[PDB]
Every structure is written in structure tokens, then in C-alpha cells.
Amino acid sequence: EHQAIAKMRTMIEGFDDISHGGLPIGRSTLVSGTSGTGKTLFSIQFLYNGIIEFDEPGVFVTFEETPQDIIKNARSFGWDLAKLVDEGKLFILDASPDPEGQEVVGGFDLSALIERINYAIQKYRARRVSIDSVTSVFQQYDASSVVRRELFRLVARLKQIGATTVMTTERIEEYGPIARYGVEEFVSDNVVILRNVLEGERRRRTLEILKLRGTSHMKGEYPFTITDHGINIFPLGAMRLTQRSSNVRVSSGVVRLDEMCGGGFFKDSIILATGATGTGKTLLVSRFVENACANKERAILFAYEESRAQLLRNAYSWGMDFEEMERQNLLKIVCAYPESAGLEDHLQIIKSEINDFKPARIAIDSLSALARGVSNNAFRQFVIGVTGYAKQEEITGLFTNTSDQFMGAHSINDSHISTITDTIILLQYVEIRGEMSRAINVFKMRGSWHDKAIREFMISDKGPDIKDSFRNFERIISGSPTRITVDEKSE
Amino acid sequence: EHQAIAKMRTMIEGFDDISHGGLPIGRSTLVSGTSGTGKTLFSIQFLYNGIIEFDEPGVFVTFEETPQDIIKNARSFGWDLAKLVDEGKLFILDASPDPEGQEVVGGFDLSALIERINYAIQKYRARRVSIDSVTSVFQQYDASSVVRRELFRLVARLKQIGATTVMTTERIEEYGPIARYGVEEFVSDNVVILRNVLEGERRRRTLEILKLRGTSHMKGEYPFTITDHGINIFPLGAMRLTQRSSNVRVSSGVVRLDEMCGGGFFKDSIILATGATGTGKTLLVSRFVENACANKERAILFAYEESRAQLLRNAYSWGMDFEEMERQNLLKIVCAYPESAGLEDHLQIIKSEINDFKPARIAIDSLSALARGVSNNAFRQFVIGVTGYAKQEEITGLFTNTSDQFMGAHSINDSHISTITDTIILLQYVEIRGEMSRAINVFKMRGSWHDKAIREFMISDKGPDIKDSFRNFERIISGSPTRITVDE
Amino acid sequence: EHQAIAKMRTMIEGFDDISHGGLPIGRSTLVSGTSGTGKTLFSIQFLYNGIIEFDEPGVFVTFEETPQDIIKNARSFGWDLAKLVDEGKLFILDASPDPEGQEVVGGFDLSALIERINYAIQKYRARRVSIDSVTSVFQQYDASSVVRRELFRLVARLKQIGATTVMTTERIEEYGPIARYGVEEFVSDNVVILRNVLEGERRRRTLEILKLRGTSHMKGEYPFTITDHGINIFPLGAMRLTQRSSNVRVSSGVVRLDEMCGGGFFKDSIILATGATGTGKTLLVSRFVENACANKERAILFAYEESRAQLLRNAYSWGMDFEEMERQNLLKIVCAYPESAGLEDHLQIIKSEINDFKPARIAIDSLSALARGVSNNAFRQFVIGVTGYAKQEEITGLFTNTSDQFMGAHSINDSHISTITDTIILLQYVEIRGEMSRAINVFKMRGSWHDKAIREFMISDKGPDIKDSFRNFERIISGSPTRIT
Ligand SMILES: Nc1ncnc2c1ncn2[C@@H]1O[C@H](COP(=O)(O)OP(=O)(O)OP(=O)(O)O)[C@@H](O)[C@H]1O
Ligand SMILES: Nc1ncnc2c1ncn2[C@@H]1O[C@H](COP(=O)(O)OP(=O)(O)OP(=O)(O)O)[C@@H](O)[C@H]1O
Ligand SMILES: Nc1ncnc2c1ncn2[C@@H]1O[C@H](COP(=O)(O)OP(=O)(O)OP(=O)(O)O)[C@@H](O)[C@H]1O
Ligand SMILES: Nc1ncnc2c1ncn2[C@@H]1O[C@H](COP(=O)(O)OP(=O)(O)OP(=O)(O)O)[C@@H](O)[C@H]1O
Ligand SMILES: Nc1ncnc2c1ncn2[C@@H]1O[C@H](COP(=O)(O)OP(=O)(O)OP(=O)(O)O)[C@@H](O)[C@H]1O
Ligand SMILES: Nc1ncnc2c1ncn2[C@@H]1O[C@H](COP(=O)(O)OP(=O)(O)OP(=O)(O)O)[C@@H](O)[C@H]1O
Ligand SMILES: [Mg+2]
Ligand SMILES: [Mg+2]
Ligand SMILES: [Mg+2]
Ligand SMILES: [Mg+2]
Ligand SMILES: [Mg+2]
Ligand SMILES: [Mg+2]
Ligand SMILES: [Mg+2]
Ligand SMILES: [Mg+2]
Ligand SMILES: [Mg+2]
Ligand SMILES: [Mg+2]
């Protein structure tokens, strides 16, 4: 073949993105990690997808987990392997030493199994194979130099055979050896490592394609999740800056605010509402979510602080009976503490839920509520995933944030999200004549014009009331004014 | 079979939550940890609850712990394991060594053993099996490869007998290798990790469902404790956000306050009293609890800075009679330094103290006192756990809090409980003509209206009173207001 | 028995509360540690107390140290181990190798020794046993496996004879495994790790009860102090928020100042005196320390910054004389560099000195001098130690602190010692018309009225004099006043 290397899509969401095509055909790939990174699965689901998507008969070589169970478990994702076993579209080739036997059977069986393996490829006319825990095969009695030669025997053959392989391997250090013997490493053409790194009690899964000989791939670890629908990696690094941009408008929910933005927000932008605690934000969100239920166009509300009944009561006080909203299925409300899942499972449920209610708007009440306990970056990386999907996805977005410090909050945001939104509305407390009076102002809008005036506003059983600006004050922004009361021009 | 993997219910508080159902039935679940982590308990509590909440007889294997003691120790949790074996719903398959050395019996292992076990199982209808410290068996002279096959031949047979097992291991490095030989992680079907991390000078026990082959489970490490009633895990990440929230209102205890709050505190919410030291907090607490008792409802005051005595005094000086509330069975003053337990243990002392008195009011004097010493990240999870529980039990709670800075305190909290609370009160000092004056202020009140004004707050013998506001000042929050006068 | 575990007291200062009761009866406890931690001192102290308190004899197996050696060191605490051996109350079993040369003698090992131990137990009707340095025993040629067996043999045998035991082990890394081979860790019913953390050229020994089978014990480590009285532990968490309270009051030494506090300091109260350097804290203490002698009461004043001579000095030119106090025995000045004792000691140095002279009042001149080279937490504890003691012991304790910054200290304490203290006084600077004027005021008092004003006081020959406030001035706190006309 005088042409470049040929790859093969695994149909594993996000993987074929990282691999600029996917596992190279004809060559064997090595995927390893510690006890639980998803390996077993990464192979199984590597085969399944093949069957169901191109009917490329798979051959699953075990070594420890009994064949019987490899199925019993695989039904957790809705994969009735039993079937593909009947329909000869996949052959589970048992190779796990029974409860008894003898010893000193070194390379003895390795030269045979390769005769057995070629049998299922030959017979079932296979194309994709996946040996799981090849490691427990050397877990008999062998040195490092002993491992490099038993493997190279297999891959060798399989490359002649032409089959495309995947090998499972165990590791004990998350960022250390690449496999117990640190030898398989240079016995593969491609090495992929799966990591389930701990951290402050939080578990984060990731995947990295260390090497793929003769081609390009995505360098670095990528957060993946294991769910009811198999390994799902999120190439938050992939996704291009190919976002749609319409000039159309939508109503903020406050006619007097819709003005201040030159006519509203854009059907293709991210709106950030920031302020100290109790500035309005939650109200905003609500008057944003509601304005969507108005024009009978479903939308979602993601509240991570308040709850089911607490958001009804509190909103109902401002008017807007959310009740009829859920009924006329033009608004559904999620809710759940951020501590209920890592930003990996969250980012997901976001998109996942968006794919069943088909939004038009979307409001995340408190962004700083997610950020909680998570690392700086691990968070920015979360905005992007959200701000990104909900932009190339026609979804308008409203993100609420709390500047951990009032009257003096020398910055819209604190996490540095400021530079990834299209509109910056900020609510702040102003101390006028010994009283905490609010003040909303449109800080920025890349598209439209928007008002540049700082205006106070009061909350009421009526909702937001954007009143007059502080036409006669100074240092207003700080929060601690100093009225002018200038003696005119002295007559 | 075509179904998913059905899990048995351990019956350990919260474990099931973490495991999502329980131990994969008919399968071998693992449980290793450094010594003193709990294991043996967990693997024993495994049976007892089963054999007494479902009735499934159990055969507890033991490699080192003698049967007498395995029974002697269990009397630590009030469990009579003697009985269970006096009825055939439990069997101590004593596999402990004998003080007579004797080489050659190392082979009889597994194979000859396995039969013993099963022989027992059969003689009891054993549904659950807890083999403790299987690791001390190959503590004769075995390799890493050797053990793998030794195990592969131990789980297998037990997997066959269609019985659910509990394998207990041990390790050394707290985070390092999961189980001694780095073989039990990849060889097992279920792996549980019992850690007893030092982290400072205190120790925080924690459990982790590392991996359950075939199903889902709570990823991560979760806090837990061992008490007379056994293991007690608190999955402060699996508590739903379905907090019953009504529109009722209880009275704060202070009249002028309730007005400023649009008419009082919602019986279903969490109040946060924050402010420089000396401002007032503890008072608002004492006046909070006074009320619960005036309406003859119960209330608990978890004190973390003063003794029951110094606390009763402070009250008399303010008018209310805590001395009474103690007998009129309408007040529980707990008292205990924050250093007397890891938050892990306190959350429970509280959780327990509540459902031992069903109070309508819970006061936590000085949340800061608890946070001193601990991380800010471990603090937030404690507040959340109490902020949450407190709610779910329709209980109104008042949490104190001292801001490490007096005056010019721009951020409510330096900690940032700020957003996880429903009602925020704010006391602060203000100089006015060479004199420190107190100043109350309702900051946010989610459900209702509430008064903006920042009024002067006077403390005296007759309790706390609210005077007028600093209506003619600029930068009153700055700690040093400039007096202006505008009149035609 | 159909009950819980039976525990035996050790009387080892504070251990019985950390272990909740004592060491589990008829069972062996392993006490490990790196060299110089205190193990033997723990082992001996046990048997020792077993005798002098409960007339309970004990067997002490010594694998390495010589018998006459054990006896000798023991004297460092004033314990006549020779005598207790002569009264047949304790037996030092000597399993120490011969200074000569022999490889074929201990061929019947363990089993052969056990009979001895098991003999002695009965010959001496001993109730307690402590085996010092088992490690050194098989430290010959053994694996992680050859130990677990040998030991378990001994342990079980000692369990059968119903002997409550103590096995001592060595370690290498401080927070590394619990014992040399990683097996005693589990053949033992109970685990005790003695540490010796050396953080910052300073050493701090602490004890932890890893595990006690079927019972309760405080988790984590507590710091201890080997002293002439042997092991002494302080579980600054095993203390209770249960101290006697009151309304009775006491003078401050400064009349005026007492009025601003509702009429004196409470008695059961801890007073904090913060303020920039040079604000007179030292002048309040002395005055406070002195007022206790006039009324005729015993008060202590621990120093950490000024000597004894400089103290008596400045205290003279300020009027009241400290000398007289000492003579009369109505006062006692300590003195000692913070650096010359590890807090936990100090804490104790104070406790004893307290138990010595029995004080009504105490003056800790500068907590924020002890705070030096110590961690926020390590110190936050030292405080709770003394603060919570003076209370349960009903003492009038006035402490001193220094705000690291002058005029404008946007806070009271940097280590937030407040909220633990009852009454906070506050001396600060004020720049008025090119001058450095002083300011004093009560920032909080828990059970009284106290003046809410910021007064200016003048220091001079007679002492501290408090005057009136800065009415017509703004920003008095930021240090830079703004006389507004
Ligand atoms: N339906 C599911 N939903 C969510 N998570 C699941 C589901 N099924 C399995 N998991 C998770 O994925 C893991 C499965 O890993 P798997 O058994 O496939 O192989 P491995 O971890 O790579 O290697 P090995 O388990 O043999 O050591 C489980 O440990 C669990 O955390
Ligand atoms: N019925 C009402 N009448 C008058 N004011 C109300 C009413 N309900 C709520 N408010 C006001 O609205 C604020 C509630 O906070 P809000 O709903 O704006 O959420 P937020 O500022 O976004 O977030 P956070 O929960 O952190 O404060 C209160 O501070 C209060 O002053
Ligand atoms: N009634 C009880 N209340 C509180 N804690 C207890 C009680 N009983 C025992 N404990 C604690 O639990 C621990 C007991 O652990 P356990 O002996 O059951 O198993 P393990 O430490 O996991 O493994 P192993 O002891 O076999 O090495 C002790 O360290 C002790 O502190
Ligand atoms: N009988 C009383 N009469 C007048 N004022 C009192 C009386 N008792 C207490 N006070 C005042 O109340 C305050 C006592 O502290 P308080 O009960 O308010 O708790 P806090 O300020 O929240 O916390 P902390 O006590 O730890 O400083 C003091 O500032 C004091 O001036
Ligand atoms: N009278 C004493 N006063 C203060 N410290 C003492 C006194 N006597 C001994 N010490 C200290 O106590 C320690 C004694 O340790 P000990 O002999 O008890 O056993 P160990 O250190 O646990 O084990 P090993 O000595 O066998 O290595 C010494 O390191 C020393 O610093
Ligand atoms: N005899 C004196 N006459 C007048 N003023 C004095 C006299 N002695 C000291 N002072 C004043 O008191 C201050 C001394 O402070 P003092 O010795 O009381 O302790 P401190 O300021 O609390 O702590 P530190 O000495 O560690 O700074 C000096 O700054 C000075 O202005
Ligand atoms: Mg696997
Ligand atoms: Mg909110
Ligand atoms: Mg145990
Ligand atoms: Mg065990
Ligand atoms: Mg306070
Ligand atoms: Mg207080
Ligand atoms: Mg909010
Ligand atoms: Mg010694
Ligand atoms: Mg000083
Ligand atoms: Mg001084």
C-alpha cells in the first residue's frame, strides 16, 4: 500500500476525534490503565460498535473474566452479546485457566492460542479483535525481558493476519509505568492510556493517545465518562470556532432591560449576569426562562443552589406561576447539587437533557456554584464545553455568577469567564443614605449597542423595576457613593 | 439470564447508596485497607444485618481472628453473634492457625479449604460469605504471580456456589498499592477501599467504591465513621435537592427583626448571622431559641465556643432563662470544642442529636469555630451536609459566623457559605464620633421582601433592640462614615 | 463474657482517655516507633504503674537492653526498678544475646522462651506483660512471613495465660508503615504508634492509637512530653466545654479601665490585649498582675520577651514595684525564650507552675511571641490549652498580643485567637497633629455592658490614664484621623 496509514472509526463518542480517524487498521493498539479505568469496556464496546455499524465480525479474547459474564455485564449498556455470539458476528474465545491445572507451561500455550486466535478470525471472517488482560497471562512467572517476546509473537502474527487489534493491560501507578512491565510499551504501534485519577476525594477519568505510529493524533488527556451508553469522551479541545452568528433578537424578560441592550440579546450569544449575593440574578434567570415559556418555546433552567419547591415559592412570589409552565411542557427544571457529579457528568447531563426538550434558551443559575471545590482550569474547561455547545447549537445562554464580594467587586467575574461571553450584565449594591439599593447595568454587548448608564432598581411582588440612574453621584461603582449637591454654577 | 446484575443490600448506613443497590450478588466483593480502617467490622456487619433483616444465614471465615473474640468484639455494637450461631443463621468457620507451626499444610490450602467452606455453606443455606484477611494465608512464602492464581482459584469456586462473598485484605501505603500484592485489584469483581487518612493530626476515615464490574456506583471517596451502632457513611453528594419548602414563618425572637424580614423567618430555610467579633451573633441565637420555647416547641443549641454554664449566664444577663428551657424540655444545649472531633463526626453528633429530640429549631453557634483547623474545601461540604439535612427535616437553623475582619468587610463570607444560605443577617461595627456602634442589616431574603436599611443595633440587659438607621451618612459600611448635611 | 471489652488503666498521664479506659485486658497491644520515641519508657511506665497503683505484678521481657540497664535508666524518673524486682513485684526476663559468641543455643526459639515468660507469669502471679523490642529478636534472617507466624504464637500464648501485654516495635520512616516488616501491624489486637515528627529543625513527639479491637478510642495523634515523670499526653480535644461560670468580677489594676468594662473583668474570663508594638500592653499586664497582690492573692506572670531585670525595671519607673510582690510571695515571674521549649511543654510548664504556686490570676505576656516559628494550628491549640484550662480551673487569665502592623490593623488577631477569648481590649495608635497619640478601648466583653468608645490614654510616671474620645474626628481607626471643621 503506497498510501498513508489507514484508520478505523470505533464509533466511540469523542475517540475518533482524538485519533484523527481512529484505531489504525492492520496494527495493534494498546490501551492500559489502573484497576477500573474502563479498559475491559473500551475493547468490548470497540467490537460491538463494529458489528452493529459495519458488521465486521469481532473476536473477543478473554484471559481472566469468564466469557459467561463478559456478557452478563455487557447487558448493563443494553448489549445482548448473547445474540452476536449466536449470529456468529462475534466470537467470545474463552482463555481463562479453569480452577485447576499444572505448571511450567510457559510459551507452551502462547504458540497455541495464536493458532486458536487465527481460527476465529479465519472462521468467523473477523476484522476487529480485543485481548483483555493479556497481563494475567504473564502472571504465572516471568521477567520483563520475558514479556517483550511473548507479546511480539502475537502482534506480529496479527499484523500478518491483517486484523486490527486492541490489547488490555493493567497498571498500578496512574502517571508512571505504561504497563506493569513497562515493556509492552515498545511492542505496540499505538499506545493509549486510560486514567482514573483521584484528587481531593474526587474521581476524574481521562484518556490519552500517547502514540500512533505513522500519523497524527490529539496530544494530551481528555475527560471521559462511563455511563448507560458506554465510554463517552469529551474532546473539549477539539470543537472548532465554527459557531453560527445570527442578528436576530430575544427578550431578556424585562422590557426596560431589553431596551438597555439596544433591543434585547442575540439568539446566538452567552449572557452573563453577575453580582454579590442577593442582587437579582436568580430573578433574572427566572424572567429569562419565563419569557421563553411565553413565546411558547421550551427552555431549561439549571439551578444548583435552590431546589424544586424553593424555586416555585420564591418565583411565584415575584409573579410568574412556574406551575403552568411545566404543565404546558414549555419549561423543565433540572436541579442537583454540584457535588452530585464531576463536571464531566454535569457537562454531559447538560447536553443530554438539551437533547430531549429541544431548548431555545437556557439558564444556568450560579456558575460559581459549580466551580465549588473544583480546580481553576477544570472549571474554565467546563465553561467552554457549555458556552461552546450552547452557541453553535442556536441556544441562547444565561449564566449567573456571584462575585464573592460586594461593594468593591473590582471585576465582573473572578474565574475569568468575562472574556468568553457576548453580554455582561452586572448587579450591584449601592449604599445611598444608609440603605442597600441595587443597580443593574449593561457592561458589554459585542453585537448591539446597549445603554451605558448605571441604573438602580428595586425588587417587588411585581418583579424587577429598573428605575432611574444615579445622575447625581460619584464613585457609584464602588458602592459607597458621595452625592455632589453642587451649588449649581454659583448663580 | 438476560437481566442486569442484581445487588444484595448490605444494610450499612449509606453504603448501599454509594454502591447503588449493594454488593453484586453471587459475586466476590473486595474490601482492603491499612489496619484499623474498619474492614473486619464491615465484613461482619455484612452478615449480622443480612441474617437479621433478610434472614440469609452466613458463614464468616476467619484466618487470624479467633471465633470467641470475633464474637467478643462484636458486643461492641450490641450484636449477639453467639445467638446467631446458637440458631444456625451464622457459622464461624474458624480457619485460624494453631500455635504448633507444622510445615506442609500450606498446600492443603484453597482446594482442601474451599470444600470446608462450601461444606459449611450447604449445612446452613448460606447466602452471604465473609472471608476475613485472606491475605494472611499466603503470608508463608508467595509471589505476586502465585497469589493471582491462588485467588483466581478462590473467588472462582465461591462464584460457582452462587454465593456472595466479602474478601478482606490489608495494605500499607495509605494511597499507594490498593492491596498488598497488586493483584487483588485486577483479579476481583468488586473492590472497596477503606482508607484512614491522616490529613493533619486528625484522621478522617473514608470509603470508596473503586469499581463494581458489571454496574454503576458512586465514583469517589466518601466520609464515614464507626460508632456503637456500627459503620456510618455520609454520601454528601447523593443527597437529593428535593427540599420541602413552604411559606410559613417562625419568629426570630427579636420583634424589630421579624418586621425587617418581611414578617419573620420562613420555618423552612437557613439563616446566616455573619459579622465581626462582638457584634451580636450569639445573642440572636439565644433569642432564636428563647422563642422556640415560648411556643413550647423544642430547639437545640449546638454551642462550640462556650460551656453550658457560661452560656446560661450570658442569657440571664440578657433576660431569657435558659436555666428553665433545660427542664421545660424545650432546649438542648450541647457544648463541645470543634477540636473534639472531625467535622465527619460532628455532622453525625448533630444528625443524631436531632432525631433524638425532633426540634423545630437548630442553632449552630460559630460555624467558623468548626472551620478553624480544617480545609476550606472540607468546610463547604460540612455546611452543605447540615444546610441540607437541616432543610430536609423541615427544620429552621441559625448559623453564627465570625468574619476574620471588623469593618470594611466587603464580602459577606471569606469562606463563602454565602450562596448556600437562604437568609443573611449582617452585624458590623461603625465608628461614629470616636465610638464603636453596632449595626444590624438584612442582606438577602430569598422568599420575601425585607428592609434594605442598615440600622444601629443596641445590646442591653433587656435583650437586643433595633434603633434607627444611619440615613444621613456616606460609606457607613467602610467602617468610617463621613457626616454630610444637605438642607435648603 | 457477654459484654464489651475489659480495659485496664495505665495511669500513664492522659493515655487512659485517649484509649477510653485503658489497654484491652488479657490482650496484647503493639507500641511501635522510630528510635528515641519513648517506646520502652511506655513499656516500663506500664508495668511500673501496674505495681505502684494496683499491686499488679508484671513481667518485662528484654530482648536487647541489659537487665541492669533497664533498671538504671529508670532512675532518670526516680523509679526504683531494682526494688520492685526484689519485692518479687516485677520480673525482668533477660532474653538478651551473649556478649560472647554462640550461634547454636537458641535453637528451640520462641516455644522455648514462651515457657519462660509463661513460667514467670505464674511464678510472680503477674498480671501485666511488656515485651521490649521483638524486632531485634528475629532481626537475624526472616521475611514478612516468618514473623507473622512466630509472633502470633507468642501473642496467643500470652492471650491464653490471660496476660494483658505490650509488644514494642521499631520503624524507620515517620509516617511510613507501622512496623519494620509490615506484619506486627495485624497480628496485634491493638496498635499504638509513637512518632517524632521533625518539622523545621524542631522535634515534636506524638502518640496515636491506630486501632483497638472492639472498643472506642480517640482518633488521630496527640502530642506528648517525656518528662522526669515519664510519658505525659495532652489530648486538647478530650477536654470538655464544661468550666464553671460566674458574674463575680475583679479589678484591672486600672480603676478607670474597670468602669469601661461594666465594673471590672469577670473572674472566669480570659482577657486578650492586642495592639501594635509600643502601645502599652505590658503596662496593662503589670498593672493587672499587681492588682492581685494588693488584694492579697497569688498571681503568675509568664514572660517571653523581656528578662527578669528589665521587667522589674520598667515596672518600677511605672510606679508599682514588682520586687515587693515576689518577696511577699503574692507574685511569681517566669521568663524564658519561646525558643527554649516546645509549646506542649510550656503548656505543661504553666500547668505545673500553676499547680505549684496555685494562682488566682495569670499573665501570659505576649501569646504572639510563642506564635513564633510555629504553625497557625499548632498554636491555635496551645491557646485552647491555656484558655480552656484557666477556665476549668477558675483562673483570671489576661493574655497579650501584638498586631503585626501599626495603625490600621484591619483585624484584631491574625491567628484568630478571639472567639476563644472572653474579653478583648484594644490598644492602637492615632496620629493627631504631627503627634503619636494613644488609644484604648473594650472591643467586646461577653456578659456585660462595656463602654463602646475609643478613648485616648497617656502613659507616664504613675501609670496608664484614660481620658475622653475623638468626637470631632473621622477615620480614627485607619490611624489617620480627619479633624473635620
Ligand atoms: N451502566 C454503567 N453506568 C455507569 N458506570 C458503569 C456502568 N457499567 C460499568 N460502569 C463503570 O465502569 C467500570 C467497568 O470497567 P470494566 O470492568 O469494563 O474494565 P476495567 O476497569 O478496565 O478493567 P478490570 O475491571 O478488569 O480491572 C466499572 O468499574 C464502573 O465504575
Ligand atoms: N417578594 C419579594 N419582594 C421584595 N424583594 C424580594 C422578594 N423576593 C426576593 N426578593 C429580594 O431578592 C433577593 C433574592 O435573591 P435573588 O432571587 O435575586 O437571587 P440571587 O441574587 O441571584 O442569588 P443568591 O441566592 O446568592 O442571593 C433578596 O435579596 C431580596 O431582597
Ligand atoms: N463500638 C465501637 N465504637 C466506635 N469505634 C469502634 C467500636 N468498635 C471498634 N471501633 C473502632 O473500629 C476499629 C475496628 O476495626 P476492625 O478491627 O473491625 O477492622 P480493620 O481495622 O478494618 O481490620 P483488622 O483489625 O483485621 O486489621 C478500631 O480501630 C476502633 O477504633
Ligand atoms: N448584659 C449585657 N448588657 C449589655 N451588653 C451586653 C450584655 N451581654 C453581652 N453584651 C454585649 O454583647 C456582646 C457579647 O457577644 P455576643 O453574645 O454578641 O456574641 P458574638 O459577638 O457573636 O461573638 P463573641 O461573643 O465570640 O465575640 C458584647 O459585644 C457586649 O457588649
Ligand atoms: N529523665 C528524662 N527526661 C527527659 N527526657 C528523657 C528522660 N529519660 C529519657 N528521656 C528521653 O526519652 C527517650 C527514651 O526512649 P526509650 O529508651 O524509652 O525508648 P525508644 O526511644 O522508644 O526505643 P529505643 O530506645 O530502644 O530505640 C530518649 O530519646 C530521651 O530523649
Ligand atoms: N516611664 C514611662 N513614662 C512614659 N511613657 C512610658 C514609660 N514607659 C513606657 N512608656 C510608653 O509606653 C510604651 C511602651 O510599651 P510597653 O512597654 O508598655 O509594652 P507594649 O507596647 O505593649 O509591648 P512591646 O514592649 O513588646 O512593644 C512606649 O512606647 C512609651 O511611649
Ligand atoms: Mg479488565
Ligand atoms: Mg440565588
Ligand atoms: Mg480486625
Ligand atoms: Mg482483619
Ligand atoms: Mg465572637
Ligand atoms: Mg461569640
Ligand atoms: Mg445566588
Ligand atoms: Mg527502647
Ligand atoms: Mg509588645
Ligand atoms: Mg512589651
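Shown for chain B, in order and in Swiss-Prot numbering: 14-501.
Looks like X-ray crystallography, 3.2 Å, at least that's what the header says.
Heads up, the Cβ atoms here are built off N, Cα and C, so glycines get one too.
Swiss-Prot names B:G49, B:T50, B:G51, B:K52, B:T53, B:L54, B:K224, B:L225, B:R226, B:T228, B:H230, B:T240, B:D241 as ATP 1 ligands; from the candidate set B:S89, B:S265, B:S282, the record adds B:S89 to that same site. Between the listed residues B:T292, B:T413, B:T432, B:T495, Swiss-Prot assigns phosphothreonine to B:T432, with no corresponding entry for the rest in that record.
In Swiss-Prot, the feature phosphoserine is attached to one residue out of B:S45, B:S431, namely B:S431.
Taking Swiss-Prot as the reference, the stretch among B:398-407, B:478-487, B:488-497 described by the feature region 'A-loop, interacts with KaiA' is residues B:488-497. Check Swiss-Prot against the ranges B:209-221, B:248-260 and you find region 'Linker' recorded for B:248-260. Among the ranges B:115-122, B:355-362, B:363-370, the one that Swiss-Prot lists as region 'B-loop, required to bind KaiB and SasA' is B:115-122.
Sequence-distant neighbours of B:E77 (active site, proton acceptor in CI (KaiC 1)) (same chain, six or more apart, CB under 8 Å from its CB) are B:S109, B:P110, B:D145, B:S146, B:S149, listed in sequence order.
Around the Cβ of B:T295 (Mg(2+) 2 binding site), the number of neighbouring Cβ atoms within 10 Å comes to 25. When Cβ-Cβ distances below 8 Å are used as the criterion, the region 'A-loop, interacts with KaiA' (B:488-497) is approached by residues 419-421, 423, 441-445, 452, 467 of the same chain, each at least six residues removed from its ends. Annotation for the recorded positions B:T53, B:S431, B:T432: lowest Cβ count within 10 Å of the residue's own Cβ, B:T432. Using a cut-off of under 8 A between C-beta atoms, the recorded positions B:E77, B:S431, B:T432 that neighbour chain C are B:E77.
Note: B:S431, B:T432, taken in sequence order from the recorded positions B:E318, B:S431, B:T432, have a C-beta within a distance under 8 Å of a chain A C-beta.
For B:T295 (Mg(2+) 2 binding site) paired with B:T432 (phosphothreonine), the C-alpha to C-alpha distance reads 22 Å.
When the Cα of B:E318 (active site, proton acceptor in CII (KaiC 2)) is compared against those of the recorded positions B:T53, B:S431, B:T432, the shortest separation belongs to B:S431. Only B:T53, in sequence order, out of the recorded positions B:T53, B:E77, B:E318 have a CB under 6 Å from ligand 3. Across the structure, B:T53 (Mg(2+) 1 binding site) and B:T432 (phosphothreonine) are spaced 41 Å apart at their Cα atoms. According to DSSP, B:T53 (Mg(2+) 1 binding site) sits within a helical segment. Only B:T295, in sequence order, out of the recorded positions B:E77, B:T295, B:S431 have a CB under 6 Å from ligand 4. In the region 'A-loop, interacts with KaiA' (B:488-497), helix, strand and coil residues by DSSP number 0 helix, 2 strand, 8 coil. With a CB cut-off of under 6 A applied against ligand 9, the recorded positions B:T53, B:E77, B:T295, B:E318, B:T432 are reduced to B:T53.
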